[PDB]
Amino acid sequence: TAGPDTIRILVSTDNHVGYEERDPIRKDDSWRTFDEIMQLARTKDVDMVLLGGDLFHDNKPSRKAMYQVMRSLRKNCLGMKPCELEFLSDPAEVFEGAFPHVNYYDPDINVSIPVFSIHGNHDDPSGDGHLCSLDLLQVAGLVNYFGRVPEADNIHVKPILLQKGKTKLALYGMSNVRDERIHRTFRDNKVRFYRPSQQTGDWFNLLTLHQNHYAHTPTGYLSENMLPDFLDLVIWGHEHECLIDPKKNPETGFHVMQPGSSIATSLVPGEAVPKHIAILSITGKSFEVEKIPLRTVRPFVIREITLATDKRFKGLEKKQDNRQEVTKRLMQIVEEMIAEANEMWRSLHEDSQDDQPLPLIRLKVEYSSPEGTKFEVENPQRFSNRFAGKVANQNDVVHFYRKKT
C-alpha cells in the first residue's frame, strides 16, 4: 500500500545470473527467476529497484547470461510512465563523464523504473580495464552503479539523495570488499560517511552492503556494531539465507534485513530457507515491509542422518555390515523427501492458474564403526544416478563422510 508520499522500493540480492548455465536440467533457473523479479517491479508498480550484489554468478558473464539480464531490464524498466523521484545529490559523484546524469534523467532513453545496484564478490571489477559488469549495463543506460570503493585503504561513502513528495531519502552504498581486509579498515576508522546538513534530521538513511554476516574465520566477517547509529535500516547482501524479516539491533538502534539469494548456489539448509523479496515502502521516517515469496524457485529439500545413532539403522549395520540393505533403507528416505518436495510445489501453485520441475534432494551422512561394524558407502556417483529423472541434481544427491581428523 502506498500514496504519493510513500516510496515503494523492491529489494533483492545474489541473483547470480549464470549459476548452472551448463546444467541440462537446471540451466534456466538462473535467469527465469531474475525475470520474475523484474516483472514484479512493473506489476507491483514500485518506484524503484535496489539490488544488493552478485547479480552475476561469474565475473566475466557469458553472452547468454548478459542477454537475459539485458532483456529483462529493457522490458520491465523502460516505459512511458514518469519517475516521481528527484535526484538531489551530486551527479558528478559516482557518475563518470560519459553520462554524468542518472539514467532516467537521460533525454534519449525513457526509464520508467530506475535500477540501483552495487557490485558483489562475483560481480566485482577486474581485468586490466578495471570495469565490472554493472558498468556495462550502466553505459547501456539500464542500471545505476553506485557505492564504488576505489581505495580499500581510505574509504569515503557519499550518499545518493532522493525525494518523493514530502518524504526525503538518503541512500548509502558500499560494494563488496574482501572480508578480511574490510574488517581492519573499519577498526582503524578509515571510513567516513558523508552527510547532508540542511535537512539532516529528516533524512531516512538507508545502507546496503555485501559482506559475510558471520564468519567461519575470526577475521572474515563484518560486525553490525561497527556501523553508525544514525542509520535507520540495513540490507545485508553476501548472505544467501532468506531472513527478510527486519530484526532490530539494540546497541545501534537500526533494523537489519537479510533478503538472501534468488536461487540456491549451495546445497545447505541456509539455502533451503524459502526465498523471498520485499516490497519496502518508505513513508516519512517510517518503513513498511511487504515480503513477497518467489514461485519460480526450484523445490529444495535437505536432511542430515548419522547412520550409527539413527533409529532405523542401529540394528542391521553394527552386526552384519550389509551394503545392499543399506540402499533400501536409504531408498525409502529419499523417496519421502521427494514426496514432500512435490507437495510444497503443489500447494504453493494451487493458488493461481499459471498452468512441475524436478526437485532438489540432498542427504548428508556420517557413519561410524567402532569394531568393523563399517557401513559400506556406495560410490558417490552410482547412488545419486539411480534417481535420474526424479531429481535435478542427478550426480549430487548424497554426501558421505567421517568426522575424525
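Numbers for residues come from their place in the sequence shown, where the first is 1.
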| property | result |
| --- | --- |
| Residue 355 to residue 356: deposited residues without atomic coordinates | 4 to 9 |
| Comparing 344-352 with 60-68, the one whose average Cα B-factor in the PDB entry is higher | 344-352 |
| Higher-scoring stretch by recorded Cα B factor average, 369-377 or 32-40 | 369-377 |
| Residue with highest C-alpha B-factor in the PDB entry, from 197, 266, 176, 117 | 197 |
| Out of 290, 245, 325, 123, residue topping the C-alpha B-factor column of the entry | 325 |
| Third of chain Cα B-factors occupied by residue 172 | middle |
| Assigned third (lowest, middle, highest) for the C-alpha B factor of residue 318 | highest |
| Within-chain third of residue 78 by Cα B-factor, per the entry | lowest |
| Residue 364 - Cα temperature factor, lowest/middle/highest third of chain | highest |
| Chain thirds of CA B-factor: placement of residue 101 | lowest |
